[PDB]
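Structure record follows, encoded as structure tokens.
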């Protein structure tokens, strides 16, 4: 007999830098995987590929029985989403206490997490809207002199694409 | 007429739970002319004791085995399910570092680390890092500690914090503060 078409996961969407994990759930005497950028494996669980844009494309499989009988080709389409640009942060860095501290960049990052001396804990990086100075909509923030985040030291910004889900870092400013 | 036997399903350890950074050691206890191991993230071995994998989350999954006799007769597939527990986040420590002697020294972070070991100039010896409760300033519940001016740990120098997940068992380090 010819073995049945194998079971392979549905289309994915991985962000650059994240793992591409394509495995099957069927049984074989031998599995044959092939794909973009030289991808090849004989396993039901191929080595994991760290995604880059060149890895996007159509990946395939075809299992074989004990007599070498081969199943029909099936496939999964892997989308690799590009990371947003590295942002350049400029700021009112020579600032006297009591004056408003402004941090900004030109890159249209969608949402923007600001990381300061208080760290990047989920507790300090709370809900993106309202008046949360450390997670803003648009690549800019204004830290009042009466804020718990009005601190000196090294700051950075993380760009969030609200459609794709990908993140990119930025230059460290002092 | 001779027909060769099929070997019995091999013995493999029970489900594990390894923390990221710790070794995954999967071995069998049976005898074979050949062993066939296979699993997640490209894992493959022909030994009764495969090379040790340093665990990362991509290594979690279902690992398998099937021994063979001298005539190539193959046993049924068995498996062990390996859970890889993620390490907690790297914590950021801030502190009252510009402090005059006699004032209380406070160290803290925002990451909810569960338990927290504080490591200072006195080292991280089990003797100095004693029982987590009571009034032990170097091993606290919650990511914060207050060192009095009359404590043996009221020392200047480089401090760090170790985050302990009391459910998982995993640990993560933090930034060094001065």
Inset, instruction - Considering only residues that are within 11 Å of chain A (Cβ to nearest Cβ) and in a strand (DSSP E or B), look in the range B:102-120 and name the one that is farthest from residue A:45 (Cα to Cα). - result: B:108
Legend entry - Residue list for the range A:111-120, restricted to those being surrounded by fewer than 18 Cβ atoms within 10 Å (Cβ to Cβ) and within 20 Å of the chain's Cα centre (by Cα): A:111
Legend entry - Within the range A:69-101, tally of residues that are within 30 Å of residue A:3 (Cα to Cα) and part of a strand (DSSP E or B): 7
Inset, instruction - Mind counting the residues in the range A:65-110 that are more than 30 Å from residue B:174 (Cα to Cα) and within 28 Å of the chain's Cα centre (by Cα)? - result: 12
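Here's the yes/no breakdown for (1) within 19 Å of the chain's Cα centre (by Cα); (2) farther than 12 Å from residue B:109 by Cα; (3) not in a strand (DSSP E or B):
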{"residue": "B:131", "(1), (2), (3)": "no, yes, yes"}
{"residue": "B:135", "(1), (2), (3)": "no, yes, yes"}
{"residue": "B:140", "(1), (2), (3)": "no, yes, no"}
{"residue": "B:153", "(1), (2), (3)": "no, yes, yes"}
{"residue": "B:161", "(1), (2), (3)": "yes, no, no"}
Inset, instruction - Quickly run through the range A:140-160 and pick out the residues that are touching a residue at least 60 places away in the same chain (Cβ under 8 Å) and surrounded by fewer than 18 Cβ atoms within 10 Å (Cβ to Cβ). - result: A:156
Inset, instruction - Output the residue which, of all residues in the range A:125-139 that are crowded, with 19+ Cβ neighbours inside 10 Å and in contact (Cβ under 8 Å) with a residue 24 or more places away in the chain, is farthest from the other protein chains (Cβ to nearest Cβ). - result: A:139
Inset, instruction - Considering only residues that are under 30 Å from residue A:20 (Cβ atoms) and more than 14 Å from chain A (Cβ to nearest Cβ), look in the range B:66-85 and name the one that is surrounded by the fewest Cβ atoms within 10 Å (Cβ to Cβ). - result: B:83
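Please note: Cβ atoms are built from the backbone with ideal geometry, for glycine as well, and neighbour counts cover all protein chains shown. Computed from the coordinates by the stated procedures, all read-outs in this text should not be read as laboratory data.
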